[PDB]
Amino acid sequence: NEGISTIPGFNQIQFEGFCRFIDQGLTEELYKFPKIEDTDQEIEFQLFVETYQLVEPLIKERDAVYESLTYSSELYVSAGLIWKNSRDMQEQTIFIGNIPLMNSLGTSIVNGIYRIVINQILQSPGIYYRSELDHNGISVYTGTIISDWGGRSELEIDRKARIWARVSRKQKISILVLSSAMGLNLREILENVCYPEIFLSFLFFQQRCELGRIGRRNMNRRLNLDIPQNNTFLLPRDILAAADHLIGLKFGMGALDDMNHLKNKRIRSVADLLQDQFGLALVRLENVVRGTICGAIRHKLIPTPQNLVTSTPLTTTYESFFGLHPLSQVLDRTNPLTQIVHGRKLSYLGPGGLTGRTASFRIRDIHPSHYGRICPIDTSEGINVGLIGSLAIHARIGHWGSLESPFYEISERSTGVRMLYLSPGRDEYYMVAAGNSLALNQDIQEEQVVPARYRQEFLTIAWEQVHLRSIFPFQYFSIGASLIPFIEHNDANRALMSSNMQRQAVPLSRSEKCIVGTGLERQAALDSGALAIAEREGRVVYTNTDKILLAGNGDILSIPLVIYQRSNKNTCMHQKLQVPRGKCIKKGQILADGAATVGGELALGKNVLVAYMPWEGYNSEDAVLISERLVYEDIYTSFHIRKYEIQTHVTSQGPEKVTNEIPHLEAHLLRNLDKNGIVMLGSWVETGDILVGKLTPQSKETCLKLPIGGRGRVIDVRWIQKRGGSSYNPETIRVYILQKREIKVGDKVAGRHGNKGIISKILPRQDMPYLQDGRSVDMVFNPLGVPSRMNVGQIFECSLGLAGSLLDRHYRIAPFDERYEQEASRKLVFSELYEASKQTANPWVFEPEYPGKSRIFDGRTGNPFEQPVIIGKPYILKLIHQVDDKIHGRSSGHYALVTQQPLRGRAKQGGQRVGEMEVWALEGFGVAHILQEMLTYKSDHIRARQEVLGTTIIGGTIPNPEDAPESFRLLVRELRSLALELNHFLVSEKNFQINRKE
Amino acid sequence: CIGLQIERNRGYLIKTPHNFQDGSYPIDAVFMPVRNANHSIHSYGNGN
Amino acid sequence: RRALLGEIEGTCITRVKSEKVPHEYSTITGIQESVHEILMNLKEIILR
Amino acid sequence: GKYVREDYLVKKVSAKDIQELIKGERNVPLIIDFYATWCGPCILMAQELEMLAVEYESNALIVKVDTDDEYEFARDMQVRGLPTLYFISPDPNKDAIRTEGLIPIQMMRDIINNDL
Amino acid sequence: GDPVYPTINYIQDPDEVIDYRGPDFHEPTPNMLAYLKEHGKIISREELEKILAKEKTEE
DNA sequence: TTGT
DNA sequence: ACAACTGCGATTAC
RNA sequence: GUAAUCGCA
Ligand SMILES: [Zn+2]
């Protein structure tokens with residue numbers, strides 16, 4: 001009913017999954033709970049499943065995220081306990097536990113953390129019929145039956161009939177024996193099966209037969225069976241049929257099954273995981289009920305139903321699931337695009353799925369079945385390549401667990417038009433043509449030829465024979481790839497790089513829309529969740545920075561805005577009002593604009609003038625030369641907020657005490673602290689200052705200091721008293737600093753077309769090359785990247801952007817504009833440039849001799865360059881990786897307790913690692929002393945290291961260490977714990993004496 | 001009520017004293033009055 | 001060209017003192033703009 | 001409709017409903033809109049009617065009639081084409097105003113304010 | 001020459017606020033809590049309180 | 001898994 | 001039974 | 001101090 005005439009919601013998948021869960025999965029799980037009766041009198045407690053009612057959360061989301069509490073709902077079910085002596089059943093409602101609730105965006109709040117549930121792709125239960133060719137002889141044919149639990153009832157055939165099951169570890173097993181054990185009398189078996197001559201010539205249980213509803217259906221499909229859907233059990237007729245098909249495969253009457261086909265796979269959504277978690281929680285609850293009944297019998301007391309049930313199992317189960325499950329990950333909130341793209345991921349790796357190493361090559365390639373249902377250019381780069389992928393824009397999840405795609409039906413009928421979400425297996429038996437119909441050759445139009453898809457193949461057929469047509473432009477891609485303008489002119493390899501780099505953008509202090517776009521930024525910003533959308537019609541009577549008042553139908557609703565908040569990836573979140581006071585807004589329109597969004601469209605970068613030429617080497621490899629205008633005009637300024645927290649953990653000996661007056665500290669510090677041991681709001685701090693001062697008696701000084709690189713204003717501090725832990729808990733003090741970061745040498749910039757670079761010099765505007773207009777270019781890029789990485793759409797974008805800037809237009813172009821004609825992008829770009837040149841009379845914009853190229857001058861000398869250069873205004877983004885974060889340096893500070901090597905990590909102030917591939921290079925160069933120094937006194941030799949500082953301060957020569965490092969000594973100790981000795985035992989060549997080194 | 005300090009300099013100024021007397025915030029300033037400039041050299045056609 | 005761009009000097013606001021604001025990344029009641037927006041607006045004040 | 005607000009505020013009335021509304025007494029101006037799912041221009045007209053209904057919460061009544069369901073009634077109302085709007089005044093002596101084609105929202109506001 | 005596909009389709013006003021109630025956008029997203037409450041999936045605290053009070057009074 |  | 005790139009950095013969970 | 005997960009080149 002929805003998504004067949006417009007782009008569906010990006011978060012509709014999680015929405016419908018959570019809805020189906022709450023609708024049916026809770027009741028289905030509550031139905032299967034057993035009747036607790038563990039006694040001689042058989043005192044029985046029961047839960048009335050019909051009286052299942054969830055309750056609204058006691059706290060709001062804005063309070064859960066603030067107080068680090070979970071956002072859940074209360075499950076109340078009426079229960080009846082029939083006592084043995086009372087001979088009656090008292091009925092009361094019990095609080096089983098809390099069930100987490102999902103937001104409209106798909107995210108859940110557990111312990112104050114935003115977490116998303118990534119979907120998993122698992123093979124569907126069924127019969128599979130693979131084959132394998134033997135080294136010598138005929139090819140072996142095998143049929144595997146897959147169960148919901150994961151049972152494998154294999155069947156094999158040798159050169160003879162030899163219908164042997166591979167269930168047993170032994171050589172083989174008799175299929176006739178299995179059929180006789182099933183119930184067959186050895187006569188009806190041969191009577192029912194086809195080709196009975198072959199069968200007659202040849203002369204644990206619950207989990208294998210636990211076929212799902214899906215399993216039943218599939219079994220019926222492959223092996224024609226009329227077994228009702230309800231009977232989801234491995235019937236012997238199914239086995240008989242399986243055998244029949246297997247023998248038939250030997251004579252050529254069969255078709256093997258492709259296990260990479262989607263129709264053979266199921267998708268597990270948040271509902272499937274929540275249902276299993278609820279079942280496990282119910283099992284734990286039944287165990288706890290049995291235990292408390294056993295205890296009440298020991299204490300000679302018949303208790304009320306409330307006394308039996310405790311709220312622990314449900315809460316602890318859901319908490320452990322959200323905390324430790326491999327398919328529950330924290331939401332990435334670097335930019336609004338990440339929030340939406342995170343919930344569309346489909347993963348092969350997971351609990352019950354292929355591990356990175358396990359996955360065969362075949363698993364990781366596109367299968368023709370993935371067309372329109374999965375993204376063919378969005379994967380995870382690394383060892384898990386081809387195992388983590390996204391979900392198509394127009395896809396939906398089906399009733400049977402299969403992803404479905406929208407296909408138009410061009411076949412003539414009563415309606416003559418349909419949009420059907422065909423499942424993966426069904427679209428194979430259809431002629432799907434993605435081409436247009438704008439061709440006439442003096443014959444009827446239906447006689448024209450067009451490429452089409454049939455039986456997982458490509459072929460050319462007449463328009464009379466095509467049943468389906470793929471009209472939607474964004475049907476075969478995902479949100480990440482669809483945001484790439486002119487994607488047809490870019491290589492498929494660079495598309496993945498561009499999709500990955502769009503995810504890294506940092507929201508800037510100011511936002512500007514893109515001149516050239518694909519038109520998906522609107523719905524992206526709509527479904528991102530960082531936008532204020534009204535839920536009621538009315539008028540905006542009052543406008544304020546903190547809140548917005550919307551008066552409608554005699555009711556006033558207040559919407560709270562976000563003012564300089566902090567995301568999970570240290571990126572600022574802020575919202576600004578868009579609508580003025582006194583205008584009407586419908587239910588759905590935009591009230592305010594969040595970060596990285598202006599005018600309701602996603603805006604992850606800026607539009608700057610760009611020239612493609614080499615400049616004095618500053619552009620070698622990939623490197624960008626940028627002007628100072630981007631610096632002193634705050635074009636790429638961004639705000640980053642980092643949090644630091646230390647809990648006041650109360651030890652058994654003494655609790656921690658927070659005092660401002662702490663001795664043994666210099667007077668230059670502690671200025672920011674208040675009367676209480678905490679920094680004040682609005683205080684500028686730097687590296688090595690004290691944020692929270694604690695006496696820590698148990699006295700000492702476990703304080704909070706700033707690390708290297710932390711220089712920002714203290715925006716807010718929170719004193720968080722922790723409760724609900726069944727006992728007094730430590731208070732938490734969270735400080736927040738805001739670091740304004742400008743664009744600097746070493747920062748990464750990127751373009752939507754896969755172009756990435758690192759700034760190398762900030763030249764002034766006077767030295768920058770200027771156009772014939774007189775304006776200096778903002779950035780200069782290397783023109784040799786285009787033939788290397790094969791990105792041609794960037795040129796188009798630059799030019800169209802120049803044209804737009806001059807004519808004050810914004811172009812939202814759907815991909816694959818060459819379906820209309822040939823060189824449609826080129827025609828559009830050249831036409832818009834000419835118009836700009838005519839309207840604003842700048843002849844330079846369109847040069848008839850070389851369209852799209854102009855001749856610029858040098859800022860230094862003032863002489864024109866020989867060849868023309870490309871001048872445009874592309875959309876450049878600033879990436880999260882920044883130099884400040886990557887800078888690091890260690891002299892001699894801290895060591896590991898056991899290894900005694902220097903520590904790891906930039907935050908921990910640790911050195912760099914000399915691996916085996918570097919020791920090899922050092923040995924090849926022949927630098928023995930450098931290797932020895934690095935392996936002993938710069939790393940592990942405690943005495944030598946202690947002496948190094950003294951020798952360097954005094955200035956004396958550092959002697960060569962002769963003792964063994966701590967790593968070797970450790971080995972000796974370990975090996976001798978393993979009862980193995982190790983002695984150096986050096987022998988002097990002078991006097992032939994053995995000397996042990998300890 | 002707000003106070004302002006006006007200074008005359010050249011080029012762009014980096015707000016170096018972020019840590020300074022409380023209640024006063026330093027703003028980076030660009031002292032470039034000329035926004036853009038351009039020149040063109042056309043011939044006079046005077047023969048030799 | 002090199003003289004007009006970089007060798008001409010001007011005057012601009014360099015320091016702003018606010019009365020009772022905690023920090024420059026907060027909002028004051030009665031004003032639609034934050035302290036940072038007010039600083040950015042004062043940054044573009046042309047003087048002679 | 002207490003928890004979730006309705007997305008669309010204009011209701012599809014039948015011909016008998018319009019006859020009863022015209023026959024009865026009204027205290028607010030009435031606006032009748034004939035539409036058809038098929039006409040392209042009507043997609044825009046509906047958006048402007050939604051905006052007008054939001055701007056006039058309870059000071060005017062806005063209803064829509066589908067020409068496909070009531071073709072004879074629309075023909076009897078002398079409706080030439082689809083983007084047609086009927087402006088019924090509250091006082092029953094004044095004359096109704098019929099507008100055809102896409103008209104600006106300000107024109108509708110001025111008509112409702114002055115003509116009706 | 002002029003492109004076959006009209007350029008006016010791609011042209012968009014720079015300072016334009018996108019109306020999410022247009023023909024190319026989907027229906028507004030309903031809040032999960034309100035959507036579950038309106039259909040009766042999740043009851044309010046008042047209903048549970050009244051049910052518990054009635055059960056206590058009956059006992 | 002894949003092969004040793 | 002055994003092994004299947006090298007390192008780095010970030011987060012949360014124990 | 002160890003895991004899980006993602007990213008980086
Ligand atoms: Zn193109």
# chains A, B, ... in the order shown; residues from 1 in each chain; ligands from 1
call {"tool": "residues_around", "arguments": {"residues": "residue D:65", "least_positions_apart": "5", "cutoff": "10 Å", "atoms": "only C-alpha atoms (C1' of nucleotides)", "output": "JSON, numbers by chain"}}
result
{"D": [11, 12, 13, 14, 15, 17, 18, 32, 33, 34, 35, 36, 70, 71, 73, 74]}
call {"tool": "write_last_selection", "arguments": {"atoms": "N, CA, C and O atoms", "output": "PDB file, in the first residue's frame"}}
result
ATOM      1  N   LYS D  11     -12.297  16.503   4.267  1.00  0.00           N
ATOM      2  CA  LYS D  11     -13.055  15.263   4.220  1.00  0.00           C
ATOM      3  C   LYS D  11     -13.802  15.141   2.898  1.00  0.00           C
ATOM      4  O   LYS D  11     -14.254  16.137   2.325  1.00  0.00           O
ATOM      5  N   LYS D  12     -13.929  13.905   2.421  1.00  0.00           N
ATOM      6  CA  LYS D  12     -14.640  13.614   1.176  1.00  0.00           C
ATOM      7  C   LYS D  12     -16.108  13.366   1.495  1.00  0.00           C
ATOM      8  O   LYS D  12     -16.476  12.311   2.016  1.00  0.00           O
ATOM      9  N   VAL D  13     -16.951  14.344   1.189  1.00  0.00           N
ATOM     10  CA  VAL D  13     -18.386  14.224   1.416  1.00  0.00           C
ATOM     11  C   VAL D  13     -19.070  13.762   0.136  1.00  0.00           C
ATOM     12  O   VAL D  13     -18.526  13.879  -0.968  1.00  0.00           O
ATOM     13  N   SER D  14     -20.281  13.233   0.284  1.00  0.00           N
ATOM     14  CA  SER D  14     -21.060  12.759  -0.849  1.00  0.00           C
ATOM     15  C   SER D  14     -21.951  13.886  -1.372  1.00  0.00           C
ATOM     16  O   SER D  14     -21.874  15.032  -0.919  1.00  0.00           O
ATOM     17  N   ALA D  15     -22.814  13.567  -2.339  1.00  0.00           N
ATOM     18  CA  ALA D  15     -23.712  14.578  -2.889  1.00  0.00           C
ATOM     19  C   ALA D  15     -24.844  14.900  -1.920  1.00  0.00           C
ATOM     20  O   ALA D  15     -25.263  16.058  -1.810  1.00  0.00           O
ATOM     21  N   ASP D  17     -24.624  14.859   1.285  1.00  0.00           N
ATOM     22  CA  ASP D  17     -24.046  15.722   2.311  1.00  0.00           C
ATOM     23  C   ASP D  17     -24.002  17.172   1.848  1.00  0.00           C
ATOM     24  O   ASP D  17     -24.326  18.086   2.614  1.00  0.00           O
ATOM     25  N   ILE D  18     -23.612  17.403   0.593  1.00  0.00           N
ATOM     26  CA  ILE D  18     -23.574  18.763   0.065  1.00  0.00           C
ATOM     27  C   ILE D  18     -24.979  19.346  -0.015  1.00  0.00           C
ATOM     28  O   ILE D  18     -25.197  20.523   0.299  1.00  0.00           O
ATOM     29  N   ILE D  32     -16.427  24.185  -1.706  1.00  0.00           N
ATOM     30  CA  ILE D  32     -16.637  22.879  -2.315  1.00  0.00           C
ATOM     31  C   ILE D  32     -15.617  22.707  -3.429  1.00  0.00           C
ATOM     32  O   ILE D  32     -15.464  23.592  -4.279  1.00  0.00           O
ATOM     33  N   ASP D  33     -14.922  21.573  -3.423  1.00  0.00           N
ATOM     34  CA  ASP D  33     -13.871  21.293  -4.390  1.00  0.00           C
ATOM     35  C   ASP D  33     -14.170  19.982  -5.101  1.00  0.00           C
ATOM     36  O   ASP D  33     -14.446  18.968  -4.452  1.00  0.00           O
ATOM     37  N   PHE D  34     -14.178  20.028  -6.427  1.00  0.00           N
ATOM     38  CA  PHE D  34     -14.427  18.831  -7.210  1.00  0.00           C
ATOM     39  C   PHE D  34     -13.078  18.337  -7.670  1.00  0.00           C
ATOM     40  O   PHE D  34     -12.307  19.094  -8.248  1.00  0.00           O
ATOM     41  N   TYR D  35     -12.787  17.068  -7.498  1.00  0.00           N
ATOM     42  CA  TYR D  35     -11.498  16.592  -7.877  1.00  0.00           C
ATOM     43  C   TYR D  35     -11.609  15.247  -8.469  1.00  0.00           C
ATOM     44  O   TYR D  35     -12.661  14.655  -8.425  1.00  0.00           O
ATOM     45  N   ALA D  36     -10.548  14.763  -9.079  1.00  0.00           N
ATOM     46  CA  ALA D  36     -10.535  13.409  -9.546  1.00  0.00           C
ATOM     47  C   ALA D  36      -9.132  12.966  -9.366  1.00  0.00           C
ATOM     48  O   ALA D  36      -8.213  13.737  -9.487  1.00  0.00           O
ATOM     49  N   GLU D  70     -19.540  10.932  -7.943  1.00  0.00           N
ATOM     50  CA  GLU D  70     -20.743  11.711  -8.229  1.00  0.00           C
ATOM     51  C   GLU D  70     -20.516  12.498  -9.524  1.00  0.00           C
ATOM     52  O   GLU D  70     -20.082  13.650  -9.506  1.00  0.00           O
ATOM     53  N   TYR D  71     -20.822  11.861 -10.656  1.00  0.00           N
ATOM     54  CA  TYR D  71     -20.650  12.524 -11.945  1.00  0.00           C
ATOM     55  C   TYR D  71     -21.885  13.338 -12.311  1.00  0.00           C
ATOM     56  O   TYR D  71     -21.773  14.463 -12.813  1.00  0.00           O
ATOM     57  N   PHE D  73     -24.087  14.668 -10.259  1.00  0.00           N
ATOM     58  CA  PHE D  73     -24.159  15.838  -9.391  1.00  0.00           C
ATOM     59  C   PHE D  73     -23.197  16.925  -9.853  1.00  0.00           C
ATOM     60  O   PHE D  73     -23.544  18.112  -9.854  1.00  0.00           O
ATOM     61  N   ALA D  74     -21.983  16.539 -10.249  1.00  0.00           N
ATOM     62  CA  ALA D  74     -21.023  17.521 -10.740  1.00  0.00           C
ATOM     63  C   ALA D  74     -21.488  18.138 -12.054  1.00  0.00           C
ATOM     64  O   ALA D  74     -21.264  19.327 -12.301  1.00  0.00           O
TER      65      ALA D  74
END
call {"tool": "interface_residues", "arguments": {"of": "chain A", "to": "chain D", "cutoff": "10 Å", "atoms": "only C-alpha atoms", "output": "ChimeraX atom specification"}}
result
/A:535-539,552-554,583-588
call {"tool": "write_last_selection", "arguments": {"atoms": "N, CA and C atoms", "output": "mmCIF file, in the first residue's frame"}}
result
data_model
loop_
_atom_site.group_PDB
_atom_site.id
_atom_site.type_symbol
_atom_site.label_atom_id
_atom_site.label_comp_id
_atom_site.auth_asym_id
_atom_site.auth_seq_id
_atom_site.Cartn_x
_atom_site.Cartn_y
_atom_site.Cartn_z
ATOM 1 N N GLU A 535 4.302 17.395 14.470
ATOM 2 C CA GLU A 535 3.361 16.287 14.559
ATOM 3 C C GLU A 535 1.916 16.762 14.642
ATOM 4 N N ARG A 536 1.663 18.039 14.365
ATOM 5 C CA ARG A 536 0.326 18.605 14.462
ATOM 6 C C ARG A 536 0.285 19.892 13.656
ATOM 7 N N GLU A 537 -0.863 20.153 13.038
ATOM 8 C CA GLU A 537 -1.037 21.396 12.305
ATOM 9 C C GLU A 537 -1.378 22.535 13.264
ATOM 10 N N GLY A 538 -0.986 23.739 12.878
ATOM 11 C CA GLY A 538 -1.235 24.903 13.701
ATOM 12 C C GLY A 538 -0.346 26.058 13.285
ATOM 13 N N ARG A 539 -0.292 27.057 14.161
ATOM 14 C CA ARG A 539 0.493 28.261 13.940
ATOM 15 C C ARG A 539 1.559 28.396 15.021
ATOM 16 N N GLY A 552 -2.372 24.854 17.933
ATOM 17 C CA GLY A 552 -3.308 24.287 16.983
ATOM 18 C C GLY A 552 -4.541 23.704 17.642
ATOM 19 N N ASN A 553 -5.691 23.839 16.971
ATOM 20 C CA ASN A 553 -6.986 23.323 17.436
ATOM 21 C C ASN A 553 -7.197 23.560 18.931
ATOM 22 N N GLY A 554 -6.867 24.766 19.385
ATOM 23 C CA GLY A 554 -7.047 25.111 20.783
ATOM 24 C C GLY A 554 -6.079 24.438 21.729
ATOM 25 N N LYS A 583 3.387 31.745 10.825
ATOM 26 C CA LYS A 583 3.075 30.985 9.622
ATOM 27 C C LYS A 583 2.526 29.616 9.998
ATOM 28 N N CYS A 584 1.672 29.073 9.134
ATOM 29 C CA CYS A 584 1.071 27.773 9.387
ATOM 30 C C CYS A 584 1.978 26.650 8.895
ATOM 31 N N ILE A 585 1.990 25.551 9.645
ATOM 32 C CA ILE A 585 2.804 24.382 9.333
ATOM 33 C C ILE A 585 1.922 23.145 9.413
ATOM 34 N N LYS A 586 2.000 22.299 8.388
ATOM 35 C CA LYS A 586 1.231 21.065 8.353
ATOM 36 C C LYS A 586 1.906 19.998 9.212
ATOM 37 N N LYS A 587 1.259 18.841 9.319
ATOM 38 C CA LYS A 587 1.811 17.713 10.065
ATOM 39 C C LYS A 587 2.817 17.003 9.168
ATOM 40 N N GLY A 588 4.091 17.359 9.308
ATOM 41 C CA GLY A 588 5.134 16.726 8.525
ATOM 42 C C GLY A 588 6.196 17.685 8.033
#
call {"tool": "atom_distance", "arguments": {"atom1": "atom CA of residue C:1", "atom2": "atom CA of residue B:44"}}
result
22.1 Å
call {"tool": "residues_around", "arguments": {"residues": "residue G:12", "least_positions_apart": "5", "cutoff": "9 Å", "atoms": "only C-alpha atoms (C1' of nucleotides)", "output": "PDB file with N, CA, C and O atoms (P, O5', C5', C4', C3', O3' and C1' of nucleotides), in the first residue's frame"}}
result
ATOM      1  N   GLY A 323      24.064  -5.353  25.223  1.00  0.00           N
ATOM      2  CA  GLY A 323      25.442  -5.038  25.562  1.00  0.00           C
ATOM      3  C   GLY A 323      26.464  -5.886  24.827  1.00  0.00           C
ATOM      4  O   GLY A 323      27.500  -5.379  24.389  1.00  0.00           O
ATOM      5  N   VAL A 330      26.508   0.208  18.691  1.00  0.00           N
ATOM      6  CA  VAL A 330      26.198   1.595  19.012  1.00  0.00           C
ATOM      7  C   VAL A 330      26.009   2.379  17.722  1.00  0.00           C
ATOM      8  O   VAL A 330      26.730   2.173  16.737  1.00  0.00           O
TER       9      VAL A 330
ATOM     10  P     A H   4      37.372 -10.364  19.931  1.00  0.00           P
ATOM     11  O5'   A H   4      35.906 -10.002  19.423  1.00  0.00           O
ATOM     12  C5'   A H   4      34.745 -10.604  20.023  1.00  0.00           C
ATOM     13  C4'   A H   4      33.652  -9.574  20.178  1.00  0.00           C
ATOM     14  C3'   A H   4      33.500  -8.602  19.013  1.00  0.00           C
ATOM     15  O3'   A H   4      32.687  -9.135  17.975  1.00  0.00           O
ATOM     16  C1'   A H   4      33.530  -7.400  21.052  1.00  0.00           C
ATOM     17  P     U H   5      33.220  -9.121  16.467  1.00  0.00           P
ATOM     18  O5'   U H   5      32.766  -7.689  15.940  1.00  0.00           O
ATOM     19  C5'   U H   5      31.410  -7.240  16.105  1.00  0.00           C
ATOM     20  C4'   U H   5      31.355  -5.732  16.107  1.00  0.00           C
ATOM     21  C3'   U H   5      32.104  -5.040  14.981  1.00  0.00           C
ATOM     22  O3'   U H   5      31.400  -5.073  13.736  1.00  0.00           O
ATOM     23  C1'   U H   5      32.563  -3.943  17.025  1.00  0.00           C
TER      24        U H   5
END
call {"tool": "residues_near_ligand", "arguments": {"ligand": "ligand 1", "cutoff": "9 Å", "atoms": "only C-alpha atoms (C1' of nucleotides) and all ligand atoms", "output": "list in words"}}
result
residues 485, 486, 487, 488, 489, 793, 796, 815, 816, 817, 818, 822, 823, 824, 825 and 826 of chain A
call {"tool": "interface_residues", "arguments": {"of": "chain A", "to": "chain G", "cutoff": "8 Å", "atoms": "only C-alpha atoms (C1' of nucleotides)", "output": "CSV table (one decimal) with C-alpha atoms, in the first residue's frame"}}
result
chain,number,residue,atom,x,y,z
A,323,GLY,CA,25.4,-5.0,25.6
A,324,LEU,CA,27.2,-8.1,24.2
A,905,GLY,CA,47.5,3.8,22.3
A,906,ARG,CA,47.7,7.5,21.6
call {"tool": "select_by_dssp", "arguments": {"residues": "stretch 2-48 of chain C", "states": "alpha helix (DSSP H)", "output": "ChimeraX atom specification"}}
result
/C:35-43
call {"tool": "interface_residues", "arguments": {"of": "chain A", "to": "chain F", "cutoff": "9 Å", "atoms": "only C-alpha atoms (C1' of nucleotides)", "output": "list in words"}}
result
residues 354, 357, 358, 359 and 360 of chain A
call {"tool": "decode", "arguments": {"residues": "chain F", "atoms": "C-alpha atoms (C1' of nucleotides)", "output": "PDB file, in the first residue's frame"}}
result
ATOM      1  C1'  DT F   1      36.021 -22.905   5.001  1.00  0.00           C
ATOM      2  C1'  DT F   2      40.563 -24.717   3.022  1.00  0.00           C
ATOM      3  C1'  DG F   3      44.051 -27.407   2.945  1.00  0.00           C
ATOM      4  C1'  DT F   4      47.756 -29.654   5.359  1.00  0.00           C
TER       5       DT F   4
END
